[PDB]
2 protein chains.
Amino acid sequence: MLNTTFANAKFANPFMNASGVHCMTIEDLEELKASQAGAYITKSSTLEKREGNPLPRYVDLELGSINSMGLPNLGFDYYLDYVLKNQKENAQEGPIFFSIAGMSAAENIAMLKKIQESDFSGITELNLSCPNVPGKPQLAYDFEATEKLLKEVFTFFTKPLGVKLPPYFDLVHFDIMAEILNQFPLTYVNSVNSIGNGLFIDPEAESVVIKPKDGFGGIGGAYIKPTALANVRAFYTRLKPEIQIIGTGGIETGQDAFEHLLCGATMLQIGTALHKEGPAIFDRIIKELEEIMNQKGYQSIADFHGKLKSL
Amino acid sequence: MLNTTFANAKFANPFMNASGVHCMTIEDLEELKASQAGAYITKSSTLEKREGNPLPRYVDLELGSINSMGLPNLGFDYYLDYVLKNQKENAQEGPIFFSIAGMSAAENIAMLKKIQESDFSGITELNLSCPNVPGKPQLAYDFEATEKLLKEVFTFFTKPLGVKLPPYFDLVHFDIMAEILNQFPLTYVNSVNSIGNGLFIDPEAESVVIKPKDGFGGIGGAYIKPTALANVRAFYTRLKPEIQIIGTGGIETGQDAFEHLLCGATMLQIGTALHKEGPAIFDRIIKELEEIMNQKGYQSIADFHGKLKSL
Ligand SMILES: Cc1cc2nc3c(=O)[nH]c(=O)nc-3n(C[C@H](O)[C@H](O)[C@H](O)COP(=O)(O)O)c2cc1C
Ligand SMILES: Cc1cc2nc3c(=O)[nH]c(=O)nc-3n(C[C@H](O)[C@H](O)[C@H](O)COP(=O)(O)O)c2cc1C
Ligand SMILES: [Mg+2]
Ligand SMILES: [Mg+2]
C-alpha cells in the first residue's frame, strides 16, 4: 500500500525520522534500519565534533516540544564513514539520507565537495534553517545568500540534493523561493524545520524551561502542523515537478500523515513524536495510514497524493 | 489587583478584545463596554466599507482557529463617528482604541490625517500585519517599507500611536525592527497578529475548511502562544521603555495572561478565546489571574511584570 518512489529510488513506505531525532550515533541509526521506517536520515553534521548547547535543551510539551540543541553531532567524517560502510552491505531498500548543516557557507561547500568526491550514492540534505545556533540567522530567510550559495553548489555537486527549509508565512516568500529553487537540478525540498525562536514558560517557577538563548527554542509537534501543511502545499503548487517534497511537521497519527500526502508530500519525516515514542512509532503510524486508506478504498498513495480539494 | 497604567492612561485591568473579534458593529462595541474588559478596540478599518472574503472564512479548531476574513468592516467614517460620540459621554475608565489597516500606505496616511485633524483623544493602532487580504503582503515583513511609512506618519501624527505586528521567528528580525521602532515617539507595539498562512484540512472530505485563498488562513489560539510569548519577550528586552507592549496570542486562562505579563506585556488582547466564549470571558479570566496572584501573594502586576527568569 505505501510503496513510494522518490528521487528515482524505491522505498517500502514514505516514513522517516526527521534529522536531529534518533539519529546521533551509529546505534541510533541501526535502530532506525531495524524499524519499519521506509527510510532514515543522519543528524545534521558540521565539519568538526560539537558538544552543542548547555542543558536543559529539549523539553516535551503537551502540544509538542521545544529545543535548542545547538547542533550536537559526532562530526562529518563519522557520519560519512557510517553511510559508506552501510551501502556496501546492501542491507536495506533504498538509500540513506545524509544531512549537513555547516556553520558557514564555506563549511557547507567543503562538506559538499567531500560527498561528491566520495563513493556515497545516497541522498544529501543541505540544512539551511538551523535556528538553535547563537549568532547564525537561518540562511533560508536571506534570499540573496540562499541563491548565491546554491549557484555555487550546483557548479560541482551532481549527486541527489535536497534542502531543509524553515517555515514561511507570507505567500510572496513562497514565490521568491520557488523562483530560486526552480532554476536548479534539486531533487527535493523538505518543509518544515522548527517554528523558530518560540518561548515556553513554567508559570510556577516563573521561568523559561531551556537554558540556551534565554529559553528561546524551535517549536515542533501539533503546534506547527498548520504551518507545515501550508508550507508543503504552497511549494507543491509552485515547484517544478522534478523537485519533489518531504513533508515534516506535526506528524503523529495516520491522519496527520494523510494530510501531508494530500498536500503533495512524497516522503514524511517524524521528529517530536518519534522522540517521545521511539522507533516503534513507524509500525503504529503505518497501520493507521493503511486503515484510513482501506476505509476510503484506496490501495496506493497515488489515489490521493496531492489531491487536497479547495472549496 | 489588576489596575494598570498604559499610554499615560489608567485602566481597571489589562484585558481587551483583540481587533477583529467582537468589535465590528456599534452593538458589538457596546457589549465590550458593558463587559469587564479593562479596555477595547475597534475592528481594523479601511477608507471604504468592505464585505470581506467569501464564506466560510472562520473556523473553530480544537487548538485554536483559522480565518481569512478579508478585512470586513463598516468603514473608517463609521468607527470614527462612534468613538467621537463615545468620549463625549465619559462613560468608561480609559480611552477606546481605534484600529486602522489601510490597503495601501497612502490609505493609512489619509486615515491617520483624518484622526489627527479630528478631536479623537484615544489610542490609535496601525495594523501593519493583516495576512488575509489577497495580493497584499504583511508590510511589517518588509523593513524598508515599514520604516518609510513610519517616518512619513511621524512628520504629522502627534497623538498616541501603536503598531500591530506580525510574528517574527529570527532574532535578527527582532533587532532590525527594534532599531526602526526606537527612532519614533511610538506609544506601543502589539505582538502578535495571527500566524500567517497556515492551512487546516478536513481529512474525511479531503479539503480545506475555508474558501478564500485555497484554505490558507491566519492561525490563532493555543497553536501560537509560544510564538506570541517569544515576540512579546523579545521586543521587551529590545524596545526603549517609552514604547510599551500589548501581548496578543493564545490567551485563554489566567495562566496564559500571567505568562504574557511576565514577558513584559502591559495590556493583553484576547481573540480566538473571546470569539468562542463571548464577553463573559473577561470576568472569568480576571478571576483566574487574581487567584494566581493570591496563591503567590502578589497584590499588584508590578510584582512580576517583566520578571521572566532565564535558567
Ligand atoms: C531534538 C531536535 C533536534 C533537531 N535537530 C535537527 C537537525 O539536526 N537538523 C534538521 O534539519 N532538523 C532538526 N530538527 C527539526 C526536525 O527535523 C523537524 O523539522 C521539526 O522537529 C518539526 O518536526 P516535528 O513537528 O515532527 O517535530 C530537530 C528537532 C528536534 C526535535
Ligand atoms: C476573526 C479574526 C479577525 C481578525 N481581525 C483582525 C484585524 O481586524 N486587525 C488586527 O490587528 N487583528 C485581527 N485579528 C488578529 C487578532 O487580533 C489576534 O492578533 C490573533 O487572533 C491572535 O490572538 P488569539 O490567539 O487570541 O486569537 C483577527 C483575528 C481573527 C480571529
Ligand atoms: Mg527497516
Ligand atoms: Mg466595562
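Values below: all heavy atoms of this structure, side chains included; hydrogens, waters and symmetry mates excluded. Order of the sequence lines fixes the chain letters, A, B, ..., with proteins taken first and strands second; residue numbering starts at 1 for each chain. Counting starts at 1 for both ligands and their atoms, following the listed order.
Ligand 1 places these atoms under 4.0 Å from at least one heavy atom of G221(A): 25 (O), 27 (O). Near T272(A), meaning under 4.0 Å from any of its heavy atoms, are these atoms of ligand 1: 24 (P), 26 (O), 27 (O). Atoms of ligand 1 lying under 4.0 Å from any heavy atom of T248(A), numbered from 1 in the order shown and given with element: 18 (C), 19 (O), 23 (O). Close approach of ligand 1 to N67(A) (heavy-atom distance below 4.0 Å) involves ligand atoms 2 (C), 29 (C), 30 (C), 31 (C).
The shortest contact between atom 13 (C) of ligand 1 and any protein heavy atom is with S19(A) O, 2.7 Å. Ranking protein heavy atoms by distance to atom 26 (O) of ligand 1, first place goes to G271(A) N, 3.0 Å. Ranking protein heavy atoms by distance to atom 19 (O) of ligand 2, first place goes to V192(B) O, 2.8 Å.
Within the 2.8 Å limit, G38(A) places no N, O or S atom next to the Mg ion (ligand 3).
A perpendicular orientation is assigned to the rings of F235(A) and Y168(A), their planes being inclined by more than 60° (bins at 30° and 60°). In this pair, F98(B) and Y79(B) present their aromatic rings perpendicular. The plane angle is above 60°, beyond the 30 to 60° band.
Close N/O approach between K164(A) and ligand 1 is found [any backbone or side-chain N/O within under 3.5 Å].
Nearest heavy atoms, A257(B) versus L289(B): CB-CD2, 4.5 Å.
At a 4.0 Å heavy-atom cut-off, ligand 1 touches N127(A) through the side chain alone.
Each of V59(A), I66(A), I210(A), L63(A) was checked for a side-chain contact (heavy atoms from CB on, under 4.5 Å) with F200(A), and the lone residue meeting it is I66(A).
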